[PDB]
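Below you'll find the structure, written out as structure tokens, and then a few comments.
Chain letters run A, B, ... following the sequence lines, proteins first and then strands; every chain starts at 1. Computation of the quantities below employed the complete heavy-atom set of this structure, encompassing side-chain atoms and omitting hydrogens, waters and symmetry-equivalent molecules.
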Amino acid sequence: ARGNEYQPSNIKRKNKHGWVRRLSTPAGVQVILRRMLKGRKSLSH
Amino acid sequence: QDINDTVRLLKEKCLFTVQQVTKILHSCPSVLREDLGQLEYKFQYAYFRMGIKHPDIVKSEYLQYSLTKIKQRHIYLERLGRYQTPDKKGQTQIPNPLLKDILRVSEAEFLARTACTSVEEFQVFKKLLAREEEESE
Amino acid sequence: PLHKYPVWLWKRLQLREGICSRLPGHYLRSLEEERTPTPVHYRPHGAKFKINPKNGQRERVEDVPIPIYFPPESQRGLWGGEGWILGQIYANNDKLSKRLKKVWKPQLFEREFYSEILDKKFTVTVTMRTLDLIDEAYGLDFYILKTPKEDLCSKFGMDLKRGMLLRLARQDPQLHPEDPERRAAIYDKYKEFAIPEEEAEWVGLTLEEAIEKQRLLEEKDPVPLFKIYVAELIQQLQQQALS
Amino acid sequence: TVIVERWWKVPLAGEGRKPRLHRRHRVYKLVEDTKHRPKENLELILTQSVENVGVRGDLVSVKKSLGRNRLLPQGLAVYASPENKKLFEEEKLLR
Amino acid sequence: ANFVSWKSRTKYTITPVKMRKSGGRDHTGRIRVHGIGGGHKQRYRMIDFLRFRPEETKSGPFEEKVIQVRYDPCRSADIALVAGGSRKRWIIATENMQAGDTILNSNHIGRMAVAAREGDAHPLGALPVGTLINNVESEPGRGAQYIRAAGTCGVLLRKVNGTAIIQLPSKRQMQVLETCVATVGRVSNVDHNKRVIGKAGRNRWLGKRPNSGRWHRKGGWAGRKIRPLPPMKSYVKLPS
Amino acid sequence: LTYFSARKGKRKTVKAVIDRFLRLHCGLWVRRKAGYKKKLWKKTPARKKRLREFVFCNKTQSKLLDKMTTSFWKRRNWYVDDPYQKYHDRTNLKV
RNA sequence: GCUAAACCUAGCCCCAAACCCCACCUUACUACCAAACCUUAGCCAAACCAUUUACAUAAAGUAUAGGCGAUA
RNA sequence: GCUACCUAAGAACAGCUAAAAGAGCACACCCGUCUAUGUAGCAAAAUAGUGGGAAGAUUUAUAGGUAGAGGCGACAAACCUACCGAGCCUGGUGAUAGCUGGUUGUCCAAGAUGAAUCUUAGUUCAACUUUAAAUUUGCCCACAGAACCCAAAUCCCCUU
RNA sequence: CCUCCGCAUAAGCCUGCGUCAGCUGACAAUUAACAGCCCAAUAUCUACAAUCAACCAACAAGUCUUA
RNA sequence: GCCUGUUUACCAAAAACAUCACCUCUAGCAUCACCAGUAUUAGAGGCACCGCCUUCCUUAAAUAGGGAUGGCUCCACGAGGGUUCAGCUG
RNA sequence: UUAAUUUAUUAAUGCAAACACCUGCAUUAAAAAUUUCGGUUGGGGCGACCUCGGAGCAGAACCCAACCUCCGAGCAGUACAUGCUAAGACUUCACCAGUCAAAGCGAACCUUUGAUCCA
Ligand SMILES: [Mg+2]
Ligand SMILES: [Mg+2]
Ligand SMILES: [Mg+2]
Ligand SMILES: [Mg+2]
Ligand SMILES: [Mg+2]
Ligand SMILES: [Mg+2]
Ligand SMILES: [Mg+2]
Ligand SMILES: [Mg+2]
Ligand SMILES: [Mg+2]
Ligand SMILES: [Mg+2]
Ligand SMILES: [Mg+2]
Ligand SMILES: [Mg+2]
Ligand SMILES: [Mg+2]
Ligand SMILES: [Mg+2]
Ligand SMILES: [Mg+2]
Ligand SMILES: [Mg+2]
Ligand SMILES: [Mg+2]
Ligand SMILES: [Mg+2]
Ligand SMILES: [Mg+2]
């Protein structure tokens, strides 16, 4: 019954975790800054 | 401000409906003259110690009568055992006398039909109760 | 590792580098110097020493200022160094009771002030303290020109200061045109505050505003190398002809 | 203005050092609110005849509200600065 | 939330407007009013509650022809498309308003009382005392705000000086300058009370939904309780 | 107590001890008797006399107090007219 | 005799010194349309917890503060 | 991106019976009554049969909204990314734990059953215990001795 | 012998049984008409459902631009 | 229990929740919900459609079943909980 | 929740402050917030107990439990040296606390409850 909580949709993916939304708020900008400091290859989703 | 606070006491701290408040202010505007605190004590005396509900309070204009008279008659009845505060369930072993029979009537009928005692006894009780209130203060 | 310099000195180091270094010396000194603002929300100690009653000994006393919070609205008004006190209290003023967050805010008024030097009426959100300070200074212009940056604590106040100082330095005829006698009277009244225009230009400018001003001053479209090489060639040919 | 005072004394910092504040040093008691102080008066020198106060050149103690709302804004009065007092003194002695 | 109110149209029109449902949510996206949601899609017909609105470059009392009387999804009262001069507008239809009828809208406070014909709008000063009225303004020219639901009728109780005392359908008196306009008669659809919803589905069509947790305060709904005084604490709840 | 303070890394003194006990340099601790100021009206004269006395502490009590105070409180103090100057040292003590 | 066993430098740690073409904020990496500032709290210690505690050297753990106690 | 509710604009609902139905039977579809199987399973909730609804308060695709003492809830303390009486991640944080568990070479020696305490699962003092040191009696112990009221023994100490 | 199966679109995924030579590597491949990516503005316009829309039946009252 | 519906995703689908109906309380009012609404309205709570008044039988055996504001009235419906005739059957 | 502590925040009022709005200070509410759940005894209840003292258990130095068997107390009367000092001792098994007391000085010629801090 459970396990399939991920129902992929690129629109939701980008609107929820994308670069633009991350930069839309100071908290998201700090998310990006933390990923950059850690050296993540993928800063945003 | 005086009118507003009287009405606010009647509504908030006394839980009288708007219609009940209009009825009170229509039957007996002396409530407005009567100071706060004293009015709240009178209402709570009716509610808790006497076990009366808002409909009956408004119907009998209990707020019209003076607190001293109210106590003088009710405490007399209670100690005589003819009046019993309703229990948590709101019931009593014996039905209580009606507020019209308690306060509206004169001292004669009050002591003859509801209390069935003597006027001299009532005078002694009144003096004793006055002393008790003085000491309590 | 360890930084060569303490992290708290990094701002000063940056001021000693780049465009901030090219900034005028007087402005840099004004930024560097920091003076404690006048006590507003606390009563300062009378003297530096005090006989504490508990043991009757002479003990040093210091004035520790209360942290004041100035909401950005204050920068558009003239609060006479007054601000929000963001602090805490003890319920019923006994330390054995609960500790509660408490914010004290100044009573703000909207008032209209006329500036003689600017010949303009400003509607400014103000405090009774500011009104009293203006009264003690004998006018808005005097208050602005006397009160230092720290005591004034208002970007609007510092902009008014810069405007008045520039007006005085330039002796601008735009102050009451066609009334030179009145203009001279005003300038004489506020003569004591006059300073060089090169300095009045930088009064009350934030660091970023000063940086932008300096960048605009020193921005120049590069000269084509054609002109430079022509000048050099002509100069060399002149030398050869002379020799 | 609200004037406050620390409940907890702050240890001395020194000469050039700055006091180090802690959680307890953010607790205040209101020693006074200046807005509740009794009103004082403003000293002004009148420039034009004004009813029930004066005529011209006479130092007057007026309620701060009046002085700041009517007299000074309208030019009916000027601040009682030493300069204004001197100027009106020459005006008086030149009459 | 990215909520922008649908009530953005600036120019009055006859065309029904596509209105977005709210679900009882604020612009913040949180539920502010419970029990709202779903229901039939509806279109809003802009109602002109200022009955005396003389046309452009025109003035004085004017008449209007009742083009039709229509059901309004957004009201209990039914509305009337009514046309005058070269304009049409929606108004609230009175009880006996019929298509083809003539309606008079005047601002004239005649010295005598004007014969009150159902549907026409006159200043309250011009009405006989005791006439049934609806679509009453609070101020002159404000626009009707009171007595607008189906079948409702206030009464022009009194007229003294420039002030009229009206009895609102809640049987509460209201003071209004006699220059403020009102329309005669009771609002249409007088049988709105007697309508029986019959089933839960019909309310769900009407956009009412069953909703719980309507209070959001700790402990949910809590009826007011009389806090006893120290003397009465002894008798608050006497054990049996 | 604090064996290593957070600012100096030193051992701290329990000031509750300093407010209650006198240390004689030799190693003795003197104290007042508990209740010596309480309800004297109901105490017999002998009990009051016993309570008004300055009393020495146990060996273990003295050791506890020594641990709870630092070496500053365990130094020679040459006060002007110390009433305990004579008591600061022991005499004719065999073991 | 299988599985395995072993290995030594890849680098790292602590100091010192020194102040360190094109594309991309729209669904990023997409050539081109009319707006910031604002007390940390709490864990924890006090054997609970509620005020409180808990974000060069020497003077000195002294003066002081403190449910005058933990402690500072 | 599950789920709860909501917004926008979409879509689906055979056949028969009945007539404009929160109508009947019954497909698709949705659900999950009962039974069996499965129980590291096909499956971190399934399978087979049976069963409820199936033109509605229905089901459902798409995009958007409401965020943690908060949301949402036809209140089951239900749901909010498999573990919600209050999510998850990071940090404070090496939280705290009078509680459980663990605590790694050889060899020798000494070493065992009251008071207070929000205290009896703990601690402090005592007693005991260990080490080192000082100097001088220590234990055993007969005779003598230790109460009136109304037994076994014990205490005390010259000698030894 | 078996199947509410199959083929497409959407969504999702992203080369994931094409060829070749040794699961790995190399080589190849999906070609726009379908679909997406739109609109020059200012204003003024736009009461009259749908249900074969004609009767009939209503209520829950229902995507509606020219100069 | 009126009904169709909802619910403890993953042990409870129910008599619980909702529900038309009814009652009580609160509100006289507009430009971001309620609402582009206005007392025949809106919000909240309670209650429950609706309507009317104030020892025997069953079995052979029966701890089962059925019958001799309040009091009643169950039309229909139900994977609800009990009892039963007849049939059917490993 | 009628447990304790608060009202920071809102809502009302009141008082000042500026001449509807706003600041400060009080009061009352609403809403909440923080925190706690003593110990020993008692299976068919509806509690009892918690400190001190006397008697038995515990017969004869001291010491000895219990949900053990019984009893009693939270002071009074007296005087107002019932003052001050001080050798030496006892001690409720620790400490805290509690007792007795020669000599001396001074008047005269006594028989139970509780610490610290804080006021
Ligand atoms: Mg989905
Ligand atoms: Mg603790
Ligand atoms: Mg069908
Ligand atoms: Mg059906
Ligand atoms: Mg639901
Ligand atoms: Mg429940
Ligand atoms: Mg439950
Ligand atoms: Mg989870
Ligand atoms: Mg640990
Ligand atoms: Mg051994
Ligand atoms: Mg205790
Ligand atoms: Mg323990
Ligand atoms: Mg049911
Ligand atoms: Mg379940
Ligand atoms: Mg379900
Ligand atoms: Mg189930
Ligand atoms: Mg059976
Ligand atoms: Mg059903
Ligand atoms: Mg002892």
Side-chain angles (χ1 to χ4, degrees), chain A residues 1-3 5-9 11-12 14-15 18-20 23 44, chain B residues 1 5 17, chain C residues 3-5 13 69 71-72 86-88 91 95-102 105-109, chain D residues 2 8-9 26 33 35-36, chain E residues 1-3 5 7 14-15 18 20-27 29-33 37 40-44 67-68 70-71 73-76 81 88 145-146 148-152 168-170 172 174 192-193 197-206 210 212-214 217-218 221 228 233 236, chain F residues 2 5 8 10-13 16 19 34-35 45 58 60-61 70 72 95:
Chain A
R2 307 302 308 277
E5 286 90 37
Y6 184 54
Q7 300 299 311
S9 60
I11 298 178
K12 287 188 181 294
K14 304 288 259 181
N15 290 1
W19 182 263
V20 174
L23 299 204
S44 71
Chain B
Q1 310 308 331
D5 63 41
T17 69
Chain C
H3 289 301
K4 167 71 176 141
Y5 291 90
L13 279 163
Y69 165 63
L86 268 49
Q88 289 169 353
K95 76 174 293 288
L96 268 71
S97 179
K98 199 167 294 293
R99 194 189 51 191
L100 306 159
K101 278 194 303 179
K102 181 54 175 294
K105 295 177 183 179
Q107 197 174 24
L108 300 173
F109 320 118
Chain D
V2 167
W8 301 77
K9 56 172 49 175
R26 184 59 64 88
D33 195 356
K35 71 167 57 72
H36 303 316
Chain E
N2 56 4
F3 175 92
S5 180
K7 313 167 186 183
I14 295 303
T15 59
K18 185 176 74 173
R20 285 193 263 100
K21 297 169 178 301
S22 65
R25 268 82 167 155
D26 284 315
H27 60 277
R30 301 195 173 189
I31 289 175
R32 180 94 164 271
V33 184
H40 206 286
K41 182 174 168 176
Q42 295 180 346
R43 271 184 308 167
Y44 177 68
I67 308 311
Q68 69 161 342
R70 181 182 173 85
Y71 165 95
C74 299
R75 286 168 182 74
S76 44
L81 179 69
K88 307 141 92 169
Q145 288 188 270
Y146 309 80
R148 275 164 43 163
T152 56
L168 293 163
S170 72
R172 185 179 181 275
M174 186 186 188
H192 203 247
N193 285 129
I197 302 298
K199 59 170 182 162
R202 185 162 282 98
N203 263 348
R204 302 296 316 267
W205 305 339
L206 292 167
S212 280
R214 295 187 182 237
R217 57 174 304 277
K218 193 179 67 175
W221 161 248
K233 296 219 174 190
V236 180
Chain F
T2 306
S5 55
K8 301 292 291 177
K10 293 177 169 172
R11 185 192 195 95
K12 288 206 183 182
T13 293
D19 281 17
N58 279 111
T60 70
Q61 296 175 346
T70 56
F72 168 86
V95 180

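- Interface remark: the E:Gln68 side chain does form a donor-acceptor pair with the I:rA47 base, using a distance-only criterion of under 3.5 Å.
- Both distances falling under 3.5 Å, in either a Watson-Crick or a G-U wobble arrangement, occur for no nucleotide opposite H:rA151.
- The listed nucleotides are G:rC19, H:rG65, I:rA61; the one nearest the side chain of E:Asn2 is H:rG65.
- Within the 4.0 Å cut-off from OP1 or OP2 of G:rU62, at least one side-chain nitrogen or oxygen of F:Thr13 is found.
- With both distances under 3.5 Å, H:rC34 pairs with H:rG49 in Watson-Crick or G-U wobble fashion.
- Of the side-chain N and O atoms in E:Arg172, none sit less than 4.0 angstrom from OP1 or OP2 of J:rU38.
- Across all strands shown, G:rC68 forms no Watson-Crick or G-U wobble pair with both key distances under 3.5 Å.
- Both conditions of the stacking definition, centres under 5.5 Å apart and planes under 30° apart, are satisfied by the base rings of G:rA45 and G:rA46.
- A close approach under 4.0 Å does occur between a side-chain nitrogen or oxygen of F:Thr60 and OP1 or OP2 of H:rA126.
- At a threshold of 4.0 angstrom between heavy atoms, the contacts of C:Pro71 with the nucleic acid are absent.
- For C:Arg99 and K:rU6, the shortest distance from a side-chain N or O to OP1 or OP2 is not below 4.0 Å.
- In this structure, D:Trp8 forms no aromatic stack with the base of G:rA65, since the conditions of centre separation below 5.5 Å and plane angle below 30° are not both met.
- Phosphate proximity of H:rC5 to E:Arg25: absent, as no side-chain N or O sits under 4.0 Å from OP1 or OP2.
- The bases of H:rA77 and H:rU160 do not line up as a Watson-Crick or G-U pair with both contact lengths under 3.5 Å.
- Closest to the side chain of E:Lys218, from the set K:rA33, K:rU2, J:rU40, is K:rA33.
- At the heavy-atom level, C:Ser97 lies under 4.0 Å from the strands shown only through sugar-phosphate atoms.
- Taken together, H:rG68 and H:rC84 meet the test for a Watson-Crick or G-U wobble pair: both N-N or N-O distances fall under 3.5 Å.
- Within the 4.0 Å cut-off from OP1 or OP2 of J:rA27, not a single side-chain nitrogen or oxygen of E:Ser170 is found.
- Nearest nucleotide to the E:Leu206 side chain, out of J:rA33, G:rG61, I:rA60: I:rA60.
- Contact annotation for A:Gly18: backbone-only contact, meaning every heavy-atom pair under 4.0 Å involves sugar-phosphate atoms and none involves a base.
- Remark: G:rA41 base-pairs with no nucleotide in the shown strands. Criterion, Watson-Crick or G-U wobble with two distances under 3.5 Å.
- Nucleotides I:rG25 and I:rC20 are base-paired: the Watson-Crick or wobble atom pairs both lie closer than 3.5 Å.
- Sugar pucker of J:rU38 is south, as judged by a negative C1'-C2'-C3'-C4' dihedral.
- H:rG98 and H:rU113 are not base-paired: they meet neither the Watson-Crick nor the G-U wobble geometry with both distances under 3.5 Å.
- Of the listed nucleotides (H:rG65, I:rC64, K:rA17), K:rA17 has the atom at the smallest distance from the side chain of C:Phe109.
- Within the nucleic acid shown, D:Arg26 comes within 4.0 Å of at least one base atom, counting heavy atoms only.
- Comparing atom distances between the F:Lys12 side chain and each of J:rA36, G:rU27, G:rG61 picks out G:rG61 as nearest.
- For F:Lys10, a side-chain nitrogen or oxygen approaches OP1 or OP2 of G:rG61 to under 4.0 Å.
- Not a single donor-acceptor pair, N or O on each side, falls under 3.5 Å between the base of K:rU13 and the side chain of B:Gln1.
- Contact check for E:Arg214 versus E:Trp221: no side-chain heavy atoms found under the 4.5 Å cut-off.
- Judged by the 3.5 Å cutoff on both pairing distances, H:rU104 and H:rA14 do not qualify as a Watson-Crick or G-U wobble pair.
- Using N1 to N3 plus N6-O4 or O6-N4 for Watson-Crick, or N1-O2 and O6-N3 for G-U wobble, each under 3.5 Å, H:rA61 pairs with nothing.
- Among the heavy atoms of the strands lying under 4.0 Å from C:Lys101 is at least one base atom, whether or not backbone atoms are also near.
- Under a stacking criterion requiring six-membered ring centres under 5.5 Å apart and planes under 30°, the adjacent bases H:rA57 and H:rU58 are classed as not stacked.
- At a cut-off of 3.5 angstrom, counting only N and O atoms as typed in the model, there is a donor on one side and an acceptor on the other between the side-chain of C:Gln107 and the base of K:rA17.
- Nucleic acid contact class of A:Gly3 (heavy atoms, under 4.0 Å, all strands): base.
- Nucleotides H:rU129 and H:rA134 fail the pairing criterion: they make neither a Watson-Crick nor a G-U wobble pair with both donor-acceptor distances under 3.5 Å.
- Stacking between E:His192 and J:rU40 is absent: the aromatic ring centre is not both under 5.5 angstrom from the base six-membered ring centre and within 30 degrees in plane angle.
- Residue contacts shown for F:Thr2 are limited to sugar-phosphate atoms, with no base heavy atom under 4.0 Å away.
- Pairing between H:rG41 and H:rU103: absent (Watson-Crick or G-U wobble, both distances under 3.5 Å).
- Proximity of E:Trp205 to the phosphate of H:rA57: a side-chain N or O atom is located under 4.0 Å from OP1 or OP2.
- Evaluation of atom-type donor-acceptor distances gives no pair under 3.5 Å for the side chain of A:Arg2 against the base of H:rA82.
- When both pairing distances are held under 3.5 Å, G:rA34 makes no Watson-Crick or G-U pair with any nucleotide shown.
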* Asked: For nucleotides 76-91 of chain K, read 5' to 3', which letter fits each nucleotide if B means a protein heavy atom sits under 4.0 Å from the base, S means only the sugar-phosphate is that close, and - means neither?
  -> -------SSBB-----
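- A sub-4.0 Å separation between OP1 or OP2 of J:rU38 and a side-chain N or O of E:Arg148 is present.
- Among the nucleotides G:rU51, G:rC37, H:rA63, the one closest to any side-chain atom of C:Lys95 is G:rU51.
- With a cut-off of 3.5 Å on both Watson-Crick or G-U wobble distances, the partner of H:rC143 is given as none.
- Nucleotide K:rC100: paired with K:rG88 (Watson-Crick or G-U wobble, both distances less than 3.5 Å).
- The partner of J:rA62, taking Watson-Crick or G-U wobble pairs whose two distances both stay under 3.5 Å, does not exist in any strand shown.
- The base of I:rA26 engages I:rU19 as a Watson-Crick or G-U wobble partner, both distances under 3.5 Å.
- Within the 4.5 Å cutoff, side-chain heavy atoms of E:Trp205 are placed close to those of E:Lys199.
- Rounding to whole angstrom units, CZ of residue E:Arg202 and P of J:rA18 are separated by 21 Å.
- Contact annotation: E:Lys18 does not reach the phosphate of H:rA8 (side-chain N/O to OP1 or OP2, under 4.0 Å).
- Using a 4.0 Å heavy-atom distance criterion, E:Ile197 is classed as a sugar-phosphate-only contact.
- Within the structure, a side-chain polar atom (N or O) of E:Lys199 is placed less than 4.0 Å from OP1 or OP2 of H:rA57.
- The side chain of A:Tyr6 contributes no N or O atom lying less than 4.0 Å from OP1 or OP2 of H:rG1.
- By the Watson-Crick or G-U wobble test, with both distances required under 3.5 Å, H:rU37 and H:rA46 count as a base pair.
- Residue E:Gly151 is in base contact, counting any heavy-atom pair closer than 4.0 Å across all strands shown.
- Across every non-hydrogen atom of E:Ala150 and E:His192, the tightest pair is CB-CB, 3.7 Å.
- Comparing C:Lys98 and D:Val2 by the nucleotide of RNA chain K that holds the closest heavy atom to each, the one mapping nearer the 5' end is C:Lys98.
- Of all nucleotides listed (J:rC32, J:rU38, K:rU2), J:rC32 comes nearest to the side chain of E:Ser5.
- Under the 5.5 Å centre and 30° plane thresholds, the six-membered base rings of I:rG12 and I:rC13 are judged to be stacked.
- With distances taken from any side-chain atom of E:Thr15 to the nucleotides I:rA47, I:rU63, I:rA60, the minimum falls on I:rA47.
- Residue E:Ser212 places at least one side-chain N or O under 4.0 Å from the OP1 or OP2 atom of H:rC75.
- Between J:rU38, H:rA57, J:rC34, one nucleotide has an atom nearer to the side chain of E:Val33 than all others, and that is J:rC34.
- Set against J:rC34, J:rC10, J:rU41, the side chain of A:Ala1 has J:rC10 as its closest nucleotide.
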